[PDB]
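J.:
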Amino acid sequence: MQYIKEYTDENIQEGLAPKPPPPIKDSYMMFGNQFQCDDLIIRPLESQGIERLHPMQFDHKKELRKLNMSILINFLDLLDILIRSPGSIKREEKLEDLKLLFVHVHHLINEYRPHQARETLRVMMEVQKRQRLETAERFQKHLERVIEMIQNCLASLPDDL
Amino acid sequence: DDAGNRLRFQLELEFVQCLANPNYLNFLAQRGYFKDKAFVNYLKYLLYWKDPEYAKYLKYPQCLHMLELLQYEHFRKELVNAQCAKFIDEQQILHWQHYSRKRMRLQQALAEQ
Amino acid sequence: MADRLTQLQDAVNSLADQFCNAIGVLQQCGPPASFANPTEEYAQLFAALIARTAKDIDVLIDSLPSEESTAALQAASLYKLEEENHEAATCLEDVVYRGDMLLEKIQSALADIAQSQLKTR
Amino acid sequence: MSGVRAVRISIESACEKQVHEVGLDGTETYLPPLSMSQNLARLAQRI
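Residue numbers (the deposited numbering), protein chains in the order written: chain G, 15 to 175; chain 4, 10 to 122; chain U, 1 to 35, 48 to 133; chain Q, 1 to 47.
(1) Just to confirm the assignment, what range does the alpha helix (DSSP H) spanning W105 (chain 4) have?
(2) For a contact defined as C-beta to C-beta under 9 Å, what are the partners of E21 (chain 4) on chain G?
(3) At a CB-CB cut-off below 8 Å, which residues of chain U make contact with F116 (chain G)?
(4) Using a C-beta cutoff of 7 Å, does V107 (chain U) count as contacting chain G?
(5) With the cut-off set at 7 Å, would you say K143 (chain G) and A100 (chain U) are in Cβ contact?
(6) Ignoring anything shorter than 4 residues, give me the alpha helix (DSSP H) runs that lie fully in the region 71-148 of chain G, in order along the chain.
(7) Verify the CB distance criterion: does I47 (chain Q) have a CB-CB separation below 7 Å to chain U?
(8) Have a look at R8 (chain Q), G3 (chain Q), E12 (chain Q) and flag the residue whose alpha-carbon is nearest the alpha-carbon of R136 (chain G).
(9) In whole angstroms, give me the CA-to-CA distance for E20 (chain G) and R15 (chain 4).
(10) Looking only at its own chain, which residues have a Cβ that is under 6 Å from the Cβ of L76 (chain U), when we skip the five neighbours before and after it?
(11) Can you check whether the C-beta of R110 (chain 4) is within less than 7 Å of a C-beta belonging to chain Q?
(12) Counting only beta-carbon separations shorter than 7 Å, does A14 (chain Q) have a partner in chain G?
(13) Just checking: is the beta-carbon of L103 (chain 4) within a distance shorter than 7 Å of some beta-carbon in chain Q?
(14) Taking only the alpha-carbon atoms, compute the straight-line gap between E162 (chain G) and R152 (chain G) and give it to the nearest angstrom.
(15) With 8 Å as the C-beta to C-beta threshold (strictly closer), list the residues of the region 134-148 of chain G near chain Q in chain order.
(16) Which class does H156 (chain G) belong to by DSSP, given the choice of helix, strand or coil?
(17) Whole angstroms are fine: how far does the CA of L31 (chain Q) sit from the CA of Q45 (chain Q)?
(18) Could you tell me the alpha carbon to alpha carbon distance between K59 (chain 4) and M15 (chain G), rounded to whole angstroms?
(19) What are the residues in the region 13-47 of chain Q lying within 7 Å of chain 4 by C-beta distance?
(20) Mapping DSSP to helix, strand and coil, what is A126 (chain U)?
(21) Between the alpha carbons of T6 (chain U) and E60 (chain G), how many angstroms are there, rounded?
(22) Please tell me whether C72 (chain 4) has its Cβ less than 7 Å away from any Cβ of chain G.
(23) Please classify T65 (chain U): is it buried, with 16 or more other beta-carbons within 10 angstroms of its beta-carbon, or exposed?
(24) How would you call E21 (chain 4), buried or exposed, if buried means at least 16 neighbouring beta carbons within 10 angstroms?
(25) Consider the Cβ of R132 (chain G): report whether some Cβ of chain U lies at a distance smaller than 7 Å.
(26) Between the region 33-48 of chain 4 and the region 25-44 of chain G, can you find at least three pairs of beta-carbon atoms closer than 8 Å?
(27) Could you check where the alpha helix (DSSP H) with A55 (chain U) kicks off and where it finishes?
(28) On a Cα-Cα basis, can you pick out the residue from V117 (chain G), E24 (chain G), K155 (chain G) that is closest to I85 (chain G)?
(29) Helix, strand or coil for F43 (chain 4), going by three-state DSSP, please let me know.
(30) What does the Cβ neighbour count give for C20 (chain U), buried or exposed, with the cut at 16 atoms within 10 Å?
(31) Rounded to the nearest angstrom, what separates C167 (chain G) and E16 (chain Q) at their Cα positions?
(32) Can you list the residues of chain Q that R114 (chain 4) reaches, using a CB-CB cut of under 7 Å?
(33) Within 7 Å of any Cβ in chain Q, is that where the Cβ of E96 (chain U) sits?
(34) Along chain G, which residues have their Cβ under 9 Å away from the Cβ of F43 (chain 4)?
(35) Since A101 (chain U) meets chain Q, which of its residues come closer than 7 Å, beta carbon to beta carbon?
(36) For the alpha helix (DSSP H) containing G24 (chain U), name the first residue and the last one.
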């Protein structure tokens with residue numbers, strides 16, 4: 015590692031001689047191996063880098079089942095390919111086709127990681143609102159219960175003579 | 010001179026991130042830098058990451074946790090043994106599993122019902 | 001994690017795993033020359061295991077619920093959450109103030125007779 | 001997202017349960033005292 019001495023004595027000083035705070039970085043940040051810049055795209059789509067065989071209609075459950083469907087019949091087709099001529103050239107075309115099938119199924123399912131946070135951040139804080147509420151009518155049930163205490167003490171105030 | 014501000018910021022950032030490692034402070038201990046008067050003047054100074062403005066560039070919790078132990082100077086005379094540094098390391102990781110152990114019980118509670 | 005989507009993943013993983021294991025056992029042992049018994053009882057055990065895992069895949073595919081709700085409906089749900097939580101602070105603080113002016117009066121109504129009995133002695 | 005504004009709404013963290021010590025395979029133990037005016041006595045015992 016390394017020891018720092020350049021600014022350690024800069025900030026143990028008097029007045030504004032310690033350095034002012036840095037401004038908010040509105041540019042590239044160099045933290046770690048990643049960049050983690052501002053306003054980044056959250057995720058890359060399936061459009062780039064992956065050949066697309068499904069249309070835009072996106073029957074999400076049916077895309078799940080058709081990909082399951084097509085893989086199983088292609089695995090049986092590949093078994094027939096290994097039965098007939100496993101030493102063919104057409105194997106790696108078949109291997110990358112099912113690999114193409116396996117890419118599409120995995121990206122579609124993961125969509126509830128930011129979506130799950132919206133329900134749970136809601137649901138506990140009406141309980142504390144309820145706890146704010148169930149203590150609210152606690153307050154009138156307490157404040158008018160001591161006004162009636164004042165009332166009977168004032169009602170008994172002349173009657174005690 | 011924008012180079013000095015950024016470079017020092019990330020140099021000093023990793024220093025407390027290096028200080029987040031309990032075995033690194035053990036590496037201070039056999040090096041005997043706990044009693045150095047310049048370093049005790051430096052480590053009292055080093056306590057300025059507690060504000061959230063500097064902590065948005067700070068990423069891990071126990072950097073600030075074990076630095077405050079060093080402030081009392083009672084904790085600094087120990088740690089020459091690696092067993093107490095390991096004990097600090099082991100209990101930190103025995104409680105880093107808190108969210109995991111909390112989530113698995115509620116998952117067990119929902120699976121049991 | 002640990003939702004029914006996860007157990008569907010490892011079930012089809014083990015089904016592919018028990019296929020090659022059954023193939024691997026069927027190719028590593030068998031009848032040497034007859035022109048056996050442990051291989052076939054493994055074979056009936058392996059054929060049963062790949063069937064039950066294939067059975068549980070269909071069970072769990074039908075067991076998983078369809079995708080439900082939208083984030084935009086819950087985005088609008090947070091919009092009514094914020095306005096009711098702002099006014100809940102105001103509705104709470106107003107009866108707090110009713111407690112505040114009442115306690116300030118009666119603590120003085122405590123006080124004015126509290127030091128009054130000092131000079132009675 | 002979707003052009004939502006940034007405002008200052010109150011969110012309270014789930015401070016109903018706290019964690020102190022972890023046993024084997026989880027199952028911690030929960031201990032807030034939340035004492036009454038008995039706390040006034042302790043500060044005077046050291047006095």
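Don't be surprised by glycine CBs; every beta carbon is placed ideally from N, CA and C.
T.: On the basis of the data shown:
(1) Position 96 of the second sequence, counting from 1, holds the residue named residue 105 (chain 4). 91-105 is the extent of the alpha helix (DSSP H) around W105 (chain 4).
(2) Position 12 of the second sequence, counting from 1, holds the residue named residue 21 (chain 4). Within chain G, the residues near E21 (chain 4) are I18, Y21, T22.
(3) Position 102 of the first sequence, counted from the start, is the residue given in the question as residue 116 (chain G). Ordered by position in chain U, no residue passes the 8 Å Cβ test against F116 (chain G), which lies about 11 Å from the chain.
(4) Start at 1 with the first residue of the third sequence, and residue 107 (chain U) comes out as number 95. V107 (chain U) counts as touching chain G.
(5) Sequence index remark: in the first sequence, residue 143 (chain G) carries index 129 (1-based). Sequence index remark: in the third sequence, residue 100 (chain U) carries index 88 (1-based). Result yes, Cβ atoms of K143 (chain G) and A100 (chain U) sit closer than 7 Å.
(6) 74-98, 105-123, 130-137, 139-148
(7) Counting from 1 along the fourth sequence, the entry for residue 47 (chain Q) is found at position 47. By this cut-off, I47 (chain Q) is not an interface position.
(8) Counted from its first residue, the first sequence places residue 136 (chain G) at position 122. Residue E12 (chain Q) is the option with its Cα nearest to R136 (chain G).
(9) Here residue 20 (chain G) refers to the residue found at position 6 when the first sequence is read from its first residue. Here residue 15 (chain 4) refers to the residue found at position 6 when the second sequence is read from its first residue. The straight-line gap from Cα to Cα measures roughly 13 Å.
(10) Counting from one through the third sequence, the residue named residue 76 (chain U) turns up at place 64. Contacts found: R4.
(11) Along the second sequence, one-based indexing puts residue 110 (chain 4) at 101. Yes, its Cβ sits closer than 7 Å to a Cβ of chain Q.
(12) Position 14 of the fourth sequence, counting from 1, holds the residue named residue 14 (chain Q). Closer than 7 Å: yes.
(13) Locating residue 103 (chain 4) in the second sequence gives position 94, counting from the first residue. Yes, because at least one Cβ of chain Q sits closer than 7 Å to the Cβ of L103 (chain 4).
(14) The sequence position of residue 162 (chain G) within the first sequence is 148, counting from 1. The sequence position of residue 152 (chain G) within the first sequence is 138, counting from 1. For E162 (chain G) and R152 (chain G), the distance between alpha carbons rounds to 16 Å.
(15) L135, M138, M139, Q142
(16) Taking the first residue of the first sequence as 1, we reach residue 156 (chain G) at position 142. In this structure, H156 (chain G) counts as helix in the three-state DSSP scheme.
(17) Along the fourth sequence, one-based indexing puts residue 45 (chain Q) at 45. Along the fourth sequence, one-based indexing puts residue 31 (chain Q) at 31. If I take the Cα positions, the gap works out to 23 Å.
(18) Here residue 59 (chain 4) corresponds to residue number 50 of the second sequence, with the count starting at 1. Here residue 15 (chain G) corresponds to residue number 1 of the first sequence, with the count starting at 1. C-alpha separation (whole angstroms): 23 Å.
(19) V19, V22, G26
(20) What you label residue 126 (chain U) is simply residue 114 of the third sequence in a count that begins at 1. DSSP places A126 (chain U) in helix when its eight states are reduced to three.
(21) Here residue 6 (chain U) refers to the residue found at position 6 when the third sequence is read from its first residue. Here residue 60 (chain G) refers to the residue found at position 46 when the first sequence is read from its first residue. Between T6 (chain U) and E60 (chain G), the C-alpha separation is close to 22 Å.
(22) By 1-based counting over the second sequence, the position of residue 72 (chain 4) is 63. Taking Cβ atoms only, chain G never reaches closer than 7 Å to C72 (chain 4), which makes this a no.
(23) Walking along the third sequence from the start, residue 65 (chain U) turns up at place 53. Classification of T65 (chain U): buried, given that the 10 Å Cβ count is 16 or more.
(24) Here residue 21 (chain 4) refers to the residue found at position 12 when the second sequence is read from its first residue. The residue in question, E21 (chain 4), is buried, as its Cβ has 16 or more Cβ neighbours within 10 Å.
(25) Position 118 of the first sequence, counted from the first residue, corresponds to residue 132 (chain G). It does; some Cβ of chain U falls within 7 Å.
(26) no
(27) What you label residue 55 (chain U) is simply residue 43 of the third sequence in a count that begins at 1. Run containing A55 (chain U): 49-75, per the alpha helix (DSSP H) assignment.
(28) Working through the first sequence from its first residue, we reach residue 85 (chain G) at position 71. Minimum Cα distance to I85 (chain G) is reached at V117 (chain G).
(29) Stepping through the second sequence from its first residue, residue 43 (chain 4) is reached at position 34. In the structure shown, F43 (chain 4) sits in coil (DSSP, three-state: anything other than H, G, I, E or B).
(30) Here the question's residue 20 (chain U) lines up with position 20 in the third sequence. Exposed, since its Cβ has fewer than 16 Cβ neighbours within 10 Å.
(31) Taking the first sequence and counting its residues from 1, the one referred to as residue 167 (chain G) is at position 153. Taking the fourth sequence and counting its residues from 1, the one referred to as residue 16 (chain Q) is at position 16. Between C167 (chain G) and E16 (chain Q), the C-alpha separation is close to 40 Å.
(32) As a position in the second sequence, residue 114 (chain 4) is number 105, starting the count at 1. Per Cβ cutoff of 7 Å: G26.
(33) Residue 96 (chain U) sits at position 84 when you count from the first residue of the third sequence. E96 (chain U) does not count as touching chain Q.
(34) Locating residue 43 (chain 4) in the second sequence gives position 34, counting from the first residue. Going along chain G, no residue has its Cβ under 9 Å from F43 (chain 4), so there is no contact; the nearest lies around 14 Å.
(35) On the third sequence, position 89 is the one that residue 101 (chain U) refers to. Per Cβ cutoff of 7 Å: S10.
(36) Translated into positions along the third sequence, residue 24 (chain U) becomes position 24. That run of the alpha helix (DSSP H) goes 4-28.
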